[PDB]
Each structure stands twice: as structure tokens, then as C-alpha cells.
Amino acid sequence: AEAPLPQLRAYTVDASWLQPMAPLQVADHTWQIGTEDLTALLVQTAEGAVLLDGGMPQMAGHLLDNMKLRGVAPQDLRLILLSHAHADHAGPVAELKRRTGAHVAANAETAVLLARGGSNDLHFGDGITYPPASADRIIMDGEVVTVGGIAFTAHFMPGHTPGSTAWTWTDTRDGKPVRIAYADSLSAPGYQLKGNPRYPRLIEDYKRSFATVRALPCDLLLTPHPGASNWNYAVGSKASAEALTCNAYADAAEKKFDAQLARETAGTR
């Protein structure tokens, strides 16, 4: 009686990443509409809405529910933007496109990973996947995408994925501008950093990306994993109280990266 091949293993996550929350207002037009521990930002304009990230694949219905609470019908969603195309951020994109008619704008690296459904990941292989989706517009570094007069600027910050992107826009609160920076992850979870044949310039890209994050226009920083920027979505009006600056987020990420690099030289993860 010899061993059969192993069964496929599902991508399972902490319960808080799947815990629905009601819409939490970030600025006049901008709302967190994902789960307690995964960001999905809805930006509402007079000419339709923009969604930045959707979380896990199973979050599609919840996102549509929260859009409805905000007055956004499915067909009112015009545009989906992404931080990076891993299953816990781009998971429901294919379903959202089918149910809303929204288009996706992303850089070429994010587009190719999204079209693979996250398979053949440089570090994860086929372990963390989701339904594939197509990008409808390819964007370049620094390119501006505008919906309802609100301009979103892309800032490439490769490392966590080759296509990792920060998005910036200026909202308002109390009559004053609020420069929002939605910066992507700077983690390298389980990654081989040095001499990686699938990503030879990984270290150089991360190092440049720390600098890119430090330089973002940033009155208020948000991140795909809210804990990375010290947000606590579950506490409502105090959710943003402890939020990091872009400088502090980059500094923390670089210290962690440097320590991980030294541990890899020392033979451990």
C-alpha cells in the first residue's frame, strides 16, 4: 500500500482576514469596505466608483453588499486598481468584472500575474491561486488614471511582486486636502532574496522601493494588510489613530528586510 499523490491544499487564512465589516470612512470620498484585516478601498465619484483591491476570492459578495450600502450599484463600479496580484488582494477581481462591468487597469507585470490567476508565482509556485482575470488598460510608472475628476497616480514599487504598485490620490476632509497613499506590501514572506534565479535583481528592487515609498505624497498611509501601517479597522473612528507615516512604514520594512537578508546568509528563514 504505497502513498498516493497528495491532495490539493486550499489557501487558508486567518479568520480576521475573512471577517466582514461595515464601510469605514477614510476621507470624504474614500471608504474601507473589505474585511477587518484586508483592505479594499472604494472611492466614490460623481461619475462612478473605483475599487482599489478586493481581498480574497470569497469577498466578492460582501464587497458588492458594502457598495450597495454606499449607494453604488454594481454597474456603477467603473474601475478596479490593484496593489499586487496575490490571491488575498486580487482574489475576487474576475467575479467583480463579470458582475459589474468594471475595467481593470494595471501594469504589465500585474496584468501577466493576474491572467495566470497567481499561478507560477516567482516564490509561491502554484500554492496560492485565484480565478484569472484580464487587465483592460496597461499603465506605466507615474501614469494618471482619472474617474469622475479624481486622479489616481501609479508609483511602481517592485519587490513583493514585480508589479507591486502604490496608488496616490487627493481626497478631502473638513475642507482640507488629504493626500492618500495606498502603498503596497514591502514584505518578502519566505522569499529567497539572494541569487534568486527567478528574480535576480530582487534586492535592488526592494531597496529602490523603500525609497519610492519614502517619497510618496502622503498625509494618510494605508496598506493592503492594514496592520503593516498600524491601522485597526475594527475600532471604527479610532482605526487610523496609530497609522504610520510613509517614512516610518518604509523604515520598518527595510529593517525587517535587512534582518531577513542577514538570516538568509546565516542559513535560516
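All residue numbers are counted from 1 along the displayed sequence. Whichever C-alpha set is largest while still superposing within 1.5 Å between the two forms counts as the rigid core.
For 147-155 versus 170-178, the mean Cα distance to the shown form in 8 other deposited structures of this protein after rigid core alignment is larger for 170-178.
Remark: stretch with higher mean C-alpha B factor among 227-235 and 49-57 is 227-235. A summary of the deposited B-factors shows that, of 161-169 and 189-197, the stretch with the larger mean C-alpha value is 189-197.
Looking only at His89, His103, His155, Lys176, the residue with the top Cα B factor in the deposited structure is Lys176. In this PDB entry, the Cα temperature factor of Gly125 sits in the middle third of its chain's modelled residues. When all modelled residues of the chain are sorted by CA temperature factor, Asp205 is found within the lowest third. Ranked by Cα temperature factor within the chain, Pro74 sits in the highest third according to the deposited record.
In the PDB entry, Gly149 places in the highest third of its chain by CA B-factor. Among all modelled residues in this chain, the alpha-carbon of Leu114 has a temperature factor (C-alpha) in the lowest third.
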